[PDB]
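K.L.:
The file below is final-v6.cif, mmCIF, N, CA and C atoms:
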```
data_protein
loop_
_atom_site.group_PDB
_atom_site.id
_atom_site.type_symbol
_atom_site.label_atom_id
_atom_site.label_comp_id
_atom_site.auth_asym_id
_atom_site.auth_seq_id
_atom_site.Cartn_x
_atom_site.Cartn_y
_atom_site.Cartn_z
ATOM 1 N N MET S 89 3.759 -18.325 -10.126
ATOM 2 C CA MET S 89 3.060 -17.616 -9.031
ATOM 3 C C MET S 89 3.147 -16.109 -9.233
ATOM 4 N N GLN S 90 2.560 -15.632 -10.323
ATOM 5 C CA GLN S 90 2.545 -14.208 -10.625
ATOM 6 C C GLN S 90 1.611 -13.466 -9.671
ATOM 7 N N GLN S 91 0.661 -14.191 -9.094
ATOM 8 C CA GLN S 91 -0.312 -13.595 -8.191
ATOM 9 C C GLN S 91 0.158 -13.709 -6.746
ATOM 10 N N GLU S 92 1.400 -13.307 -6.522
ATOM 11 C CA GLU S 92 1.942 -13.190 -5.176
ATOM 12 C C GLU S 92 1.490 -11.851 -4.592
ATOM 13 N N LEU S 93 2.080 -11.407 -3.489
ATOM 14 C CA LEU S 93 1.690 -10.130 -2.870
ATOM 15 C C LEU S 93 1.761 -8.954 -3.858
ATOM 16 N N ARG S 94 2.539 -9.116 -4.924
ATOM 17 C CA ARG S 94 2.649 -8.094 -5.968
ATOM 18 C C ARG S 94 1.352 -7.955 -6.769
ATOM 19 N N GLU S 95 0.463 -8.943 -6.639
ATOM 20 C CA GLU S 95 -0.801 -8.977 -7.384
ATOM 21 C C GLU S 95 -1.558 -7.661 -7.259
ATOM 22 N N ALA S 96 -1.653 -7.146 -6.042
ATOM 23 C CA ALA S 96 -2.381 -5.916 -5.794
ATOM 24 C C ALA S 96 -1.590 -4.711 -6.274
ATOM 25 N N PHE S 97 -0.293 -4.718 -5.993
ATOM 26 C CA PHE S 97 0.571 -3.585 -6.306
ATOM 27 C C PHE S 97 0.567 -3.291 -7.804
ATOM 28 N N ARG S 98 0.732 -4.335 -8.613
ATOM 29 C CA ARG S 98 0.844 -4.178 -10.064
ATOM 30 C C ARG S 98 -0.421 -3.573 -10.666
ATOM 31 N N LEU S 99 -1.549 -3.759 -9.988
ATOM 32 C CA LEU S 99 -2.829 -3.279 -10.493
ATOM 33 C C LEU S 99 -2.933 -1.768 -10.347
ATOM 34 N N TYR S 100 -2.119 -1.210 -9.461
ATOM 35 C CA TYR S 100 -2.194 0.206 -9.154
ATOM 36 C C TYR S 100 -1.091 0.993 -9.851
ATOM 37 N N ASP S 101 -0.333 0.324 -10.714
ATOM 38 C CA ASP S 101 0.683 1.001 -11.522
ATOM 39 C C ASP S 101 0.039 1.674 -12.734
ATOM 40 N N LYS S 102 -1.185 2.155 -12.554
ATOM 41 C CA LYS S 102 -1.868 2.922 -13.585
ATOM 42 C C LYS S 102 -1.259 4.318 -13.663
ATOM 43 N N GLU S 103 -1.110 4.931 -12.500
ATOM 44 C CA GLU S 103 -0.472 6.228 -12.376
ATOM 45 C C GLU S 103 0.775 6.075 -11.518
ATOM 46 N N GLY S 104 1.927 6.117 -12.163
ATOM 47 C CA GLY S 104 3.171 5.822 -11.486
ATOM 48 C C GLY S 104 3.599 4.389 -11.737
ATOM 49 N N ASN S 105 4.863 4.081 -11.493
ATOM 50 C CA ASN S 105 5.366 2.728 -11.703
ATOM 51 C C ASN S 105 6.343 2.356 -10.602
ATOM 52 N N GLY S 106 5.938 1.424 -9.751
ATOM 53 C CA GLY S 106 6.803 0.957 -8.682
ATOM 54 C C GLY S 106 6.740 1.844 -7.455
ATOM 55 N N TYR S 107 6.332 3.084 -7.656
ATOM 56 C CA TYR S 107 6.193 4.038 -6.570
ATOM 57 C C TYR S 107 4.793 4.628 -6.589
ATOM 58 N N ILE S 108 3.844 3.873 -6.064
ATOM 59 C CA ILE S 108 2.455 4.299 -6.047
ATOM 60 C C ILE S 108 2.226 5.328 -4.956
ATOM 61 N N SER S 109 1.395 6.307 -5.269
ATOM 62 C CA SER S 109 1.053 7.357 -4.336
ATOM 63 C C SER S 109 0.323 6.785 -3.128
ATOM 64 N N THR S 110 0.648 7.342 -1.967
ATOM 65 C CA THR S 110 0.099 6.911 -0.685
ATOM 66 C C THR S 110 -1.429 6.894 -0.692
ATOM 67 N N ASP S 111 -2.008 7.692 -1.584
ATOM 68 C CA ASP S 111 -3.451 7.761 -1.777
ATOM 69 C C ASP S 111 -4.044 6.373 -1.973
ATOM 70 N N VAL S 112 -3.456 5.635 -2.902
ATOM 71 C CA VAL S 112 -3.986 4.351 -3.321
ATOM 72 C C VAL S 112 -3.839 3.304 -2.226
ATOM 73 N N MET S 113 -2.760 3.407 -1.467
ATOM 74 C CA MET S 113 -2.470 2.444 -0.408
ATOM 75 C C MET S 113 -3.517 2.523 0.695
ATOM 76 N N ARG S 114 -4.147 3.685 0.830
ATOM 77 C CA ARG S 114 -5.254 3.842 1.764
ATOM 78 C C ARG S 114 -6.383 2.896 1.390
ATOM 79 N N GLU S 115 -6.678 2.845 0.100
ATOM 80 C CA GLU S 115 -7.738 1.991 -0.413
ATOM 81 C C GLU S 115 -7.332 0.524 -0.298
ATOM 82 N N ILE S 116 -6.040 0.262 -0.472
ATOM 83 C CA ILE S 116 -5.494 -1.084 -0.316
ATOM 84 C C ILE S 116 -5.728 -1.599 1.100
ATOM 85 N N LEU S 117 -5.418 -0.767 2.084
ATOM 86 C CA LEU S 117 -5.602 -1.132 3.485
ATOM 87 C C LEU S 117 -7.075 -1.373 3.796
ATOM 88 N N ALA S 118 -7.940 -0.563 3.197
ATOM 89 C CA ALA S 118 -9.380 -0.703 3.382
ATOM 90 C C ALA S 118 -9.881 -2.018 2.791
ATOM 91 N N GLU S 119 -9.177 -2.501 1.773
ATOM 92 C CA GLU S 119 -9.507 -3.769 1.137
ATOM 93 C C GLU S 119 -8.953 -4.946 1.935
ATOM 94 N N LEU S 120 -8.006 -4.667 2.814
ATOM 95 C CA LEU S 120 -7.351 -5.711 3.586
ATOM 96 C C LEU S 120 -8.034 -5.884 4.941
ATOM 97 N N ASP S 121 -8.024 -4.832 5.750
ATOM 98 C CA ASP S 121 -8.521 -4.934 7.120
ATOM 99 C C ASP S 121 -10.028 -4.720 7.164
ATOM 100 N N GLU S 122 -10.650 -5.213 8.226
ATOM 101 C CA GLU S 122 -12.098 -5.208 8.347
ATOM 102 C C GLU S 122 -12.561 -4.342 9.523
ATOM 103 N N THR S 123 -11.692 -4.162 10.509
ATOM 104 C CA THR S 123 -12.077 -3.502 11.748
ATOM 105 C C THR S 123 -11.729 -2.013 11.765
ATOM 106 N N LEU S 124 -10.564 -1.647 11.242
ATOM 107 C CA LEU S 124 -10.135 -0.254 11.286
ATOM 108 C C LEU S 124 -10.880 0.570 10.242
ATOM 109 N N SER S 125 -11.071 1.843 10.536
ATOM 110 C CA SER S 125 -11.814 2.724 9.659
ATOM 111 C C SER S 125 -10.863 3.471 8.732
ATOM 112 N N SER S 126 -11.409 4.299 7.856
ATOM 113 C CA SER S 126 -10.600 5.030 6.900
ATOM 114 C C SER S 126 -9.654 5.993 7.614
ATOM 115 N N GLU S 127 -10.126 6.595 8.701
ATOM 116 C CA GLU S 127 -9.297 7.502 9.488
ATOM 117 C C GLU S 127 -8.087 6.756 10.058
ATOM 118 N N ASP S 128 -8.309 5.517 10.493
ATOM 119 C CA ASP S 128 -7.232 4.681 11.026
ATOM 120 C C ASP S 128 -6.174 4.434 9.961
ATOM 121 N N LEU S 129 -6.616 3.953 8.810
ATOM 122 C CA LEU S 129 -5.706 3.619 7.723
ATOM 123 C C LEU S 129 -5.049 4.868 7.154
ATOM 124 N N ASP S 130 -5.794 5.962 7.134
ATOM 125 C CA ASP S 130 -5.279 7.233 6.638
ATOM 126 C C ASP S 130 -4.154 7.726 7.534
ATOM 127 N N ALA S 131 -4.317 7.534 8.840
ATOM 128 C CA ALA S 131 -3.316 7.952 9.815
ATOM 129 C C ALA S 131 -2.043 7.119 9.687
ATOM 130 N N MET S 132 -2.195 5.857 9.303
ATOM 131 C CA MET S 132 -1.044 4.985 9.090
ATOM 132 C C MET S 132 -0.318 5.371 7.807
ATOM 133 N N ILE S 133 -1.081 5.788 6.813
ATOM 134 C CA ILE S 133 -0.516 6.274 5.562
ATOM 135 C C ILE S 133 0.087 7.665 5.762
ATOM 136 N N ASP S 134 -0.513 8.404 6.677
ATOM 137 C CA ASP S 134 -0.072 9.748 7.033
ATOM 138 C C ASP S 134 1.371 9.741 7.539
ATOM 139 N N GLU S 135 1.796 8.611 8.100
ATOM 140 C CA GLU S 135 3.129 8.500 8.682
ATOM 141 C C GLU S 135 4.061 7.621 7.839
ATOM 142 N N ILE S 136 3.596 7.150 6.685
ATOM 143 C CA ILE S 136 4.401 6.235 5.873
ATOM 144 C C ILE S 136 4.974 6.930 4.637
ATOM 145 N N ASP S 137 4.313 8.009 4.220
ATOM 146 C CA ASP S 137 4.706 8.785 3.033
ATOM 147 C C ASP S 137 6.218 8.980 2.931
ATOM 148 N N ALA S 138 6.773 8.550 1.804
ATOM 149 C CA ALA S 138 8.205 8.645 1.561
ATOM 150 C C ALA S 138 8.580 9.972 0.907
ATOM 151 N N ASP S 139 7.633 10.916 0.905
ATOM 152 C CA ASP S 139 7.887 12.303 0.489
ATOM 153 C C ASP S 139 7.982 12.444 -1.034
ATOM 154 N N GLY S 140 7.869 11.334 -1.749
ATOM 155 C CA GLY S 140 7.993 11.386 -3.190
ATOM 156 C C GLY S 140 6.686 11.767 -3.840
ATOM 157 N N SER S 141 6.222 12.983 -3.553
ATOM 158 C CA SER S 141 4.913 13.448 -4.000
ATOM 159 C C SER S 141 3.812 12.645 -3.312
ATOM 160 N N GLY S 142 4.135 12.106 -2.138
ATOM 161 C CA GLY S 142 3.205 11.254 -1.429
ATOM 162 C C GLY S 142 3.214 9.844 -1.975
ATOM 163 N N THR S 143 4.306 9.120 -1.752
ATOM 164 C CA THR S 143 4.462 7.785 -2.323
ATOM 165 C C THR S 143 4.966 6.771 -1.307
ATOM 166 N N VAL S 144 4.782 5.499 -1.639
ATOM 167 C CA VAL S 144 5.276 4.394 -0.829
ATOM 168 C C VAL S 144 6.239 3.549 -1.656
ATOM 169 N N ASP S 145 7.364 3.161 -1.060
ATOM 170 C CA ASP S 145 8.345 2.333 -1.754
ATOM 171 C C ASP S 145 7.944 0.861 -1.678
ATOM 172 N N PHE S 146 8.710 -0.001 -2.328
ATOM 173 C CA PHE S 146 8.363 -1.411 -2.435
ATOM 174 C C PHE S 146 8.350 -2.088 -1.068
ATOM 175 N N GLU S 147 9.479 -2.040 -0.367
ATOM 176 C CA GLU S 147 9.596 -2.711 0.918
ATOM 177 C C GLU S 147 8.716 -2.036 1.964
ATOM 178 N N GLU S 148 8.502 -0.735 1.811
ATOM 179 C CA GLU S 148 7.623 0.000 2.712
ATOM 180 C C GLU S 148 6.200 -0.533 2.595
ATOM 181 N N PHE S 149 5.780 -0.803 1.364
ATOM 182 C CA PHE S 149 4.501 -1.449 1.115
ATOM 183 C C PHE S 149 4.496 -2.853 1.711
ATOM 184 N N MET S 150 5.539 -3.614 1.399
ATOM 185 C CA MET S 150 5.667 -4.997 1.856
ATOM 186 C C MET S 150 5.576 -5.102 3.375
ATOM 187 N N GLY S 151 6.366 -4.292 4.069
ATOM 188 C CA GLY S 151 6.417 -4.345 5.520
ATOM 189 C C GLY S 151 5.073 -4.089 6.176
ATOM 190 N N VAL S 152 4.349 -3.101 5.676
ATOM 191 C CA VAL S 152 3.061 -2.737 6.254
ATOM 192 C C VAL S 152 1.969 -3.721 5.831
ATOM 193 N N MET S 153 2.007 -4.138 4.569
ATOM 194 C CA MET S 153 0.974 -5.009 4.012
ATOM 195 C C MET S 153 1.040 -6.414 4.617
ATOM 196 N N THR S 154 2.197 -6.779 5.153
ATOM 197 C CA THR S 154 2.365 -8.084 5.779
ATOM 198 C C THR S 154 2.033 -8.026 7.266
ATOM 199 N N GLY S 155 1.374 -6.952 7.681
ATOM 200 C CA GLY S 155 0.974 -6.816 9.064
ATOM 201 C C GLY S 155 1.944 -5.978 9.861
ATOM 202 N N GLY S 156 3.231 -6.236 9.675
ATOM 203 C CA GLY S 156 4.244 -5.488 10.388
ATOM 204 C C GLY S 156 5.618 -6.108 10.270
ATOM 205 N N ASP S 157 6.108 -6.232 9.043
ATOM 206 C CA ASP S 157 7.454 -6.742 8.813
ATOM 207 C C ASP S 157 8.465 -5.623 9.004
ATOM 208 N N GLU S 158 9.006 -5.540 10.208
ATOM 209 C CA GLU S 158 9.936 -4.485 10.567
ATOM 210 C C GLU S 158 11.317 -4.746 9.975
#
```
If you took the structure in this file and wrote it as structure tokens, what would it be?
P.N.:
Amino acid sequence: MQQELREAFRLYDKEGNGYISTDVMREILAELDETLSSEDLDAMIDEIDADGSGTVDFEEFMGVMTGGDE
């Protein structure tokens, strides 16, 4: 089961490895949700940035991508 939730993440390890820039996660959210707009997803990314040049960590991605795994 290589195509688990990591399926999407691994595809974005083009620039960076394991710590993808928050930029890309915006597009990920747009690929996931149908109702919220780019401003909505951007605002969620706006508050998730782990400060690493604008990056998201593994579990940070996991928690948000699963809807809300707190």
K.L.:
Quick one: distance from atom CA of residue S:148 to atom CA of residue S:136 in Å, one decimal?
P.N.:
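So the answer is 7.7 Å.
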K.L.:
At what distance in Å, to one decimal, does atom CA of residue S:149 lie from atom C of residue S:98?
P.N.:
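Taking atom C of residue S:98 as the start and atom CA of residue S:149 as the end point, the length is 12.9 Å.
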K.L.:
Between atom CA of residue S:99 and atom CA of residue S:143, what is the distance, to one decimal in Å?
P.N.:
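Between these atoms lies a distance of 15.6 Å.
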K.L.:
As a ChimeraX atom specification, which residues of chain S does DSSP assign to helix (DSSP H, G or I)?
P.N.:
/S:94-99,110-120,126-134,146-153
K.L.:
Which is closest to residue S:153 among S:117, S:108, S:141, S:125, if we use all atoms listed in the file?
P.N.:
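Going through S:117, S:108, S:141, S:125 one by one, the smallest distance to residue S:153 is for S:117.
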K.L.:
Got a sec to check which residues sit within 6 Å of (4.1, -10.3, 2.3), counting only C-alpha atoms, and write them as a list in words?
P.N.:
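Residues found, by chain and rising number: residues 93, 150 and 154 of chain S.
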K.L.:
Could you write out that same residue set with N, CA and C atoms as a compact mmCIF listing (two decimals), keeping the file's coordinate frame?
P.N.:
```
# COMPACT_ATOMS: atom_id res chain seq x y z
N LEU S 93 2.08 -11.41 -3.49
CA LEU S 93 1.69 -10.13 -2.87
C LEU S 93 1.76 -8.95 -3.86
N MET S 150 5.54 -3.61 1.40
CA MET S 150 5.67 -5.00 1.86
C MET S 150 5.58 -5.10 3.38
N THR S 154 2.20 -6.78 5.15
CA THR S 154 2.37 -8.08 5.78
C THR S 154 2.03 -8.03 7.27
```
K.L.:
Looking at only C-alpha atoms, which of S:146, S:128, S:101, S:139 is the one that sits closest to residue S:114?
P.N.:
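Ranking S:146, S:128, S:101, S:139 by distance to residue S:114, first place goes to S:128.
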K.L.:
Mind checking which residues fall within 7 Å of residue S:110, counting only C-alpha atoms, ignoring those fewer than 5 positions away in the same chain, and posting them as a PyMOL selection string?
P.N.:
chain S and resi 133+137+142-144
K.L.:
Let me know the centre plus edge lengths, in Å and rounded to one decimal, of a box with edges along x, y and z that contains all listed atoms of stretch 127-140 of chain S and is padded by 4 Å on every side, as lines of an AutoDock Vina configuration file.
P.N.:
```
center_x = -0.8
center_y = 8.0
center_z = 3.6
size_x = 26.7
size_y = 16.8
size_z = 22.9
```
